[PDB]
Amino acid sequence: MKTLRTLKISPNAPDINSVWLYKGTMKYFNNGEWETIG
Amino acid sequence: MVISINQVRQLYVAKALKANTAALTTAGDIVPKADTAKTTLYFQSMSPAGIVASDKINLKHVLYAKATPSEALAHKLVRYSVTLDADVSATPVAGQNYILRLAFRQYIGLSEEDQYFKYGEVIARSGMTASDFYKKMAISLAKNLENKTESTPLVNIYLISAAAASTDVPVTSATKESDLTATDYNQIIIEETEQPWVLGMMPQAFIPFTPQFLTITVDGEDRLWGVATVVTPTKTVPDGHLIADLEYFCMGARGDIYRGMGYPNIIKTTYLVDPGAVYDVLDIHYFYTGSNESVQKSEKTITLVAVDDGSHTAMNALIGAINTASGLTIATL
């Protein structure tokens, strides 16, 4: 239900309503953390 | 040039140093003349037209007498070492316009409110090393600055192959990529240039500059792509063109102020300064004071010049003579 509709490329984390792209890793705010993806 | 005077300044060239008034045959000979009492001092000079003598110096009214070396009067050409800052990236970033802006403050005018901006551009590609980037940037800088079309010289671009960190590989709008066969280029030196000079109408000026960089998106953030740092200069502009305009000005005190003005009705002054040589200088400041109510001083400047062989042999013997003659103890630079 928590639907994200933005992605942000940056070296510092963006707002939690977006995904976090940084040089080979993407991260989304899950369980009060930025959960990487494998 | 025009200078500020402390009520007067005279110049005398010392081409050859003699020991007598009788040996003055050639137009640059000079003698420091004083009496055993060490109460006055004057110089007997050989002019294009006969002997002349300078105003007499009262050796009790000398304010200062210091000989400057030729090195002191050579304008050092400030040079930067331009690189790309390893914090943004140690290598070019493809698809980004690596622009470089060079600002010029004292452009044709003489104020700091008369600025001029010339640019250098390089768009990076994958597999582009740093040497390739510097090559391409120096080339784009030359084509815009060291061209056969710009009214004035602005900069001297160079390249340095890290294998030889001393030699400054030059670059001009004629230079082409293939003429630069090295792969260890690590900086783009940018040095100010000697501007054109003509005796008595165009003072020896320089156009100072600062390299301003621009932004590039590296990981989503607009960041500056390079760092410009000044390094100890290595090319100096001698004083030949400077002493020469000094003479041109200080010879209209002894002589004609109507220089070339009414062209055929003129007094043509013959000058002894070579604008392709390197002179030391010896300036002596003194004054005249009157009698019992005219105690006001009249400070008057007199300066002497002499070519430099690298060891200041001409001026050293010159003042050694003046010291044997006047008791003064000027220092032999």
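Heads up: the protein sequence lines correspond to chains l and g, in order.
Using PDB author numbering, you'd call the opening residue of the first sequence number 1 and step up by one each time.
Using PDB author numbering, you'd call the opening residue of the second sequence number 1 and step up by one each time.
By construction, the Cβ of each residue, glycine as well, lies at the ideal position given by its N, Cα and C atoms.
Review point. Does DSSP put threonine 329(g) in a helix, in a strand, or in coil?
Key: Here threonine 329(g) sits in coil by DSSP.
**Neighbour list for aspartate 219(g) in chain l, Cβ cutoff strictly below 8 Å** = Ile9, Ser10, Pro11, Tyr22 and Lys23
| Cα-Cα, which of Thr332(g), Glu299(g) and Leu318(g) is closest to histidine 61(g)? | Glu299(g)
Practice prompt. Jot down the residue ranges of each uninterrupted beta strand (DSSP E) in the region 100-180 of chain g, minimum 3 residues, whole runs only, in chain order.
Written response: 100-104, 116-120 and 155-161
Can you tell me where the alpha helix (DSSP H) with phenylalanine 206(g) in it begins and where it stops?
No alpha helix (DSSP H) holds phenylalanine 206(g); DSSP gives it neither H nor E.
Inset, instruction - Indicate the three-state DSSP secondary structure (helix, strand or coil) for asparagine 12(l) in the structure shown. - result: coil
Worksheet entry | Inter-residue spacing [alpha-carbon to alpha-carbon] between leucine 110(g) and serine 131(g) | 37 Å
Requested in this report: Flag this pair as yes or no: are the beta carbons of residue 340(g) and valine 155(g) separated by less than 8 Å?
Outcome: Residue 340(g) is absent from the structure shown; chain g starts at 1 and stops at 333.
| query | To the nearest angstrom, how far is it from the Cα of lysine 66(g) to the Cα of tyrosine 116(g)? | reply | 40 Å
Report task. Measuring alpha carbon to alpha carbon, tell me which of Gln96(g), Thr303(g) and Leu282(g) ends up nearest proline 69(g). Result -> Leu282(g)
| query | Which same chain residues, not among the five before or five after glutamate 112(g), have their C-beta less than 8 Å away from its C-beta? | reply | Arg105 and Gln106
Within 8 Å of any Cβ in chain B, is that where the Cβ of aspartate 245(g) sits? You won't find chain B in this structure, because its protein chains are l and g.
Cutoff 7 Å; reference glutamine 7(g); Cβ partners in own chain excluding five residues on either side: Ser298, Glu299 and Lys300
Query raised in the report: Using the rule of at least 16 other Cβ atoms within 10 Å of the residue's Cβ for burial, across every protein chain shown, is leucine 41(g) buried or exposed?
Result: buried
request  = Compute the Euclidean distance between the alpha carbons of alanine 314(g) and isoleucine 266(g), then round it to the nearest angstrom.
outcome  = 34 Å
Nearest-angstrom Cβ-Cβ length linking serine 10(l) and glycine 220(g), presumed shorter than 8 Å:
5 Å
Burial state of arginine 79(g) (16 or more Cβ within 10 Å): buried
Does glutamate 247(g) come out as helix, strand or coil in the three-state DSSP assignment?
For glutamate 247(g), the three-state secondary structure derived from DSSP is helix.
Original post:
What are the boundary residues of the alpha helix (DSSP H) that includes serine 70(g)?
Top reply: 70-73
Could you tell me which residues DSSP puts in a beta bridge with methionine 26(l)? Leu21(l)
Checklist line | Distance CB(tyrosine 279(g))-CB(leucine 63(g)) smaller than 8 Å | finding: no
Confirm, please, whether the CB-CB distance from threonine 91(g) to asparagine 186(g) is below 8 Å.
-> Between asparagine 186(g) and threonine 91(g), the gap from beta carbon to beta carbon reaches 8 Å or more.
Using 8 Å as the threshold, is the C-beta distance between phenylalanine 209(g) and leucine 102(g) below it? The beta carbons of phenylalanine 209(g) and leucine 102(g) sit closer together than 8 Å.
Q.
Relative to the C-alpha of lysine 136(g), which candidate in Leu180(g), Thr269(g) and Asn147(g) has its C-alpha closest?
A. The shortest C-alpha separation from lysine 136(g) is found at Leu180(g).
Q. Quick one: is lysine 23(l) buried, meaning 16 or more other Cβ sit within 10 Å of its Cβ, or exposed?
A. Counting the other Cβ atoms within 10 Å of the Cβ of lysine 23(l) gives fewer than 16, which makes it exposed.
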